[PDB]
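First comes the structure, then the notes that go with it.
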Amino acid sequence: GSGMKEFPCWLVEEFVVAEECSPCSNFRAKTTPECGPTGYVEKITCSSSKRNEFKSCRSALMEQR
């Protein structure tokens with residue numbers, strides 16, 4: 001309707017994967033869209049204002065023997 005604008009910090013700031021992405025519970029994924037393609041969401045912090053966002057990463061490459 002109005003056109004609310006909501007964005008992350010990694011899109012406008014430098015982020016650092018501090019916490020690898022992991023599976024999303026029944027509510028974790030149902031609420032987070034990042035759990036759609038990979039289903040695993042990591043925790044990246046932005047050096048700018050130290051902001052931790054919920055991103056999605058590949059687990060098959062992060063840790064797959």
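In the structure tokens, chains take letters A, B, ... by order of appearance, with residues numbered from 1 within each chain and ligands from 1 in the order shown.
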
May I have all residues of chain A that DSSP, computed from the backbone, assigns to strand (DSSP E or B), given as a PDB file with C-alpha atoms, in the first residue's frame?
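File written: part.pdb
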```pdb
ATOM      1  CA  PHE A  15      29.351  -7.797   6.612  1.00  0.00           C
ATOM      2  CA  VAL A  16      31.303 -10.689   8.099  1.00  0.00           C
ATOM      3  CA  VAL A  17      29.959 -14.226   8.477  1.00  0.00           C
ATOM      4  CA  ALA A  18      30.393 -14.604  12.234  1.00  0.00           C
ATOM      5  CA  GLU A  19      27.948 -17.503  12.453  1.00  0.00           C
ATOM      6  CA  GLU A  20      27.611 -20.026   9.622  1.00  0.00           C
ATOM      7  CA  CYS A  21      24.090 -20.583   8.305  1.00  0.00           C
ATOM      8  CA  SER A  22      21.998 -23.410   9.741  1.00  0.00           C
ATOM      9  CA  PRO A  23      18.559 -25.030   9.189  1.00  0.00           C
ATOM     10  CA  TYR A  40      20.045 -22.372   6.132  1.00  0.00           C
ATOM     11  CA  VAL A  41      20.456 -18.901   7.653  1.00  0.00           C
ATOM     12  CA  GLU A  42      23.744 -17.436   8.896  1.00  0.00           C
ATOM     13  CA  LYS A  43      24.506 -14.480  11.163  1.00  0.00           C
ATOM     14  CA  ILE A  44      26.536 -11.758   9.450  1.00  0.00           C
ATOM     15  CA  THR A  45      27.547  -8.644  11.391  1.00  0.00           C
ATOM     16  CA  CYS A  46      28.108  -5.242   9.784  1.00  0.00           C
ATOM     17  CA  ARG A  51      24.607  -4.912  12.988  1.00  0.00           C
ATOM     18  CA  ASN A  52      23.882  -8.635  12.770  1.00  0.00           C
ATOM     19  CA  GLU A  53      21.538  -9.618   9.946  1.00  0.00           C
ATOM     20  CA  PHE A  54      19.928 -12.947   9.067  1.00  0.00           C
ATOM     21  CA  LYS A  55      21.390 -14.064   5.741  1.00  0.00           C
ATOM     22  CA  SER A  56      21.331 -17.384   3.881  1.00  0.00           C
TER      23      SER A  56
END
```

Inset, instruction - Go ahead and compute the interatomic distance for atom CA of residue A:25 and atom CA of residue A:8, in Å to one decimal. - result: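 These two atoms are separated by 21.6 Å.
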
Inset, instruction - Between atom CA of residue A:37 and atom CA of residue A:57, measure the distance and give it in Å to one decimal. - result: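 Interatomic distance here is 9.2 Å.
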
Legend entry - Computed interatomic separation between atom CA of residue A:58 and atom CA of residue A:35 (Å): 10.7 Å

Tell me, which residues of stretch 4-65 of chain A carry DSSP helix (DSSP H, G or I), written as a PDB file with N, CA, C and O atoms, in the first residue's frame?
```
ATOM      1  N   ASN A  26      10.467 -24.756  12.249  1.00  0.00           N
ATOM      2  CA  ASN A  26       9.146 -24.573  11.660  1.00  0.00           C
ATOM      3  C   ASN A  26       8.774 -23.095  11.598  1.00  0.00           C
ATOM      4  O   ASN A  26       8.116 -22.649  10.659  1.00  0.00           O
ATOM      5  N   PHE A  27       9.203 -22.340  12.606  1.00  0.00           N
ATOM      6  CA  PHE A  27       8.915 -20.912  12.666  1.00  0.00           C
ATOM      7  C   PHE A  27      10.092 -20.097  12.137  1.00  0.00           C
ATOM      8  O   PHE A  27       9.912 -19.000  11.610  1.00  0.00           O
ATOM      9  N   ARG A  28      11.295 -20.641  12.282  1.00  0.00           N
ATOM     10  CA  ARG A  28      12.503 -19.964  11.821  1.00  0.00           C
ATOM     11  C   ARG A  28      12.433 -19.685  10.322  1.00  0.00           C
ATOM     12  O   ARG A  28      12.794 -18.601   9.865  1.00  0.00           O
ATOM     13  N   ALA A  29      11.966 -20.671   9.561  1.00  0.00           N
ATOM     14  CA  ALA A  29      11.852 -20.531   8.113  1.00  0.00           C
ATOM     15  C   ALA A  29      10.537 -19.859   7.728  1.00  0.00           C
ATOM     16  O   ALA A  29      10.497 -19.029   6.818  1.00  0.00           O
ATOM     17  N   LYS A  30       9.465 -20.225   8.420  1.00  0.00           N
ATOM     18  CA  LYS A  30       8.149 -19.660   8.148  1.00  0.00           C
ATOM     19  C   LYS A  30       8.155 -18.139   8.302  1.00  0.00           C
ATOM     20  O   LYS A  30       7.301 -17.448   7.748  1.00  0.00           O
ATOM     21  N   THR A  31       9.120 -17.625   9.060  1.00  0.00           N
ATOM     22  CA  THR A  31       9.226 -16.188   9.285  1.00  0.00           C
ATOM     23  C   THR A  31      10.328 -15.574   8.426  1.00  0.00           C
ATOM     24  O   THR A  31      10.177 -14.472   7.900  1.00  0.00           O
ATOM     25  N   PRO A  33      12.627 -15.444   5.064  1.00  0.00           N
ATOM     26  CA  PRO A  33      12.580 -15.830   3.652  1.00  0.00           C
ATOM     27  C   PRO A  33      13.893 -16.437   3.168  1.00  0.00           C
ATOM     28  O   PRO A  33      13.930 -17.135   2.155  1.00  0.00           O
ATOM     29  N   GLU A  34      14.971 -16.166   3.900  1.00  0.00           N
ATOM     30  CA  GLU A  34      16.289 -16.684   3.546  1.00  0.00           C
ATOM     31  C   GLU A  34      16.322 -18.211   3.608  1.00  0.00           C
ATOM     32  O   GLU A  34      17.241 -18.840   3.085  1.00  0.00           O
ATOM     33  N   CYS A  35      15.317 -18.803   4.252  1.00  0.00           N
ATOM     34  CA  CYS A  35      15.240 -20.254   4.380  1.00  0.00           C
ATOM     35  C   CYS A  35      14.423 -20.866   3.243  1.00  0.00           C
ATOM     36  O   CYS A  35      13.853 -21.946   3.390  1.00  0.00           O
ATOM     37  N   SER A  59      25.166 -24.731   2.946  1.00  0.00           N
ATOM     38  CA  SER A  59      25.692 -25.654   3.944  1.00  0.00           C
ATOM     39  C   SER A  59      26.469 -26.788   3.285  1.00  0.00           C
ATOM     40  O   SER A  59      27.405 -27.334   3.870  1.00  0.00           O
ATOM     41  N   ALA A  60      26.077 -27.138   2.064  1.00  0.00           N
ATOM     42  CA  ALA A  60      26.736 -28.207   1.325  1.00  0.00           C
ATOM     43  C   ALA A  60      28.200 -27.872   1.045  1.00  0.00           C
ATOM     44  O   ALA A  60      28.998 -28.757   0.733  1.00  0.00           O
ATOM     45  N   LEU A  61      28.550 -26.594   1.158  1.00  0.00           N
ATOM     46  CA  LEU A  61      29.919 -26.153   0.917  1.00  0.00           C
ATOM     47  C   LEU A  61      30.575 -25.687   2.211  1.00  0.00           C
ATOM     48  O   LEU A  61      31.784 -25.825   2.390  1.00  0.00           O
ATOM     49  N   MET A  62      29.767 -25.135   3.110  1.00  0.00           N
ATOM     50  CA  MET A  62      30.271 -24.650   4.390  1.00  0.00           C
ATOM     51  C   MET A  62      30.896 -25.786   5.190  1.00  0.00           C
ATOM     52  O   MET A  62      32.023 -25.673   5.672  1.00  0.00           O
TER      53      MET A  62
END
```
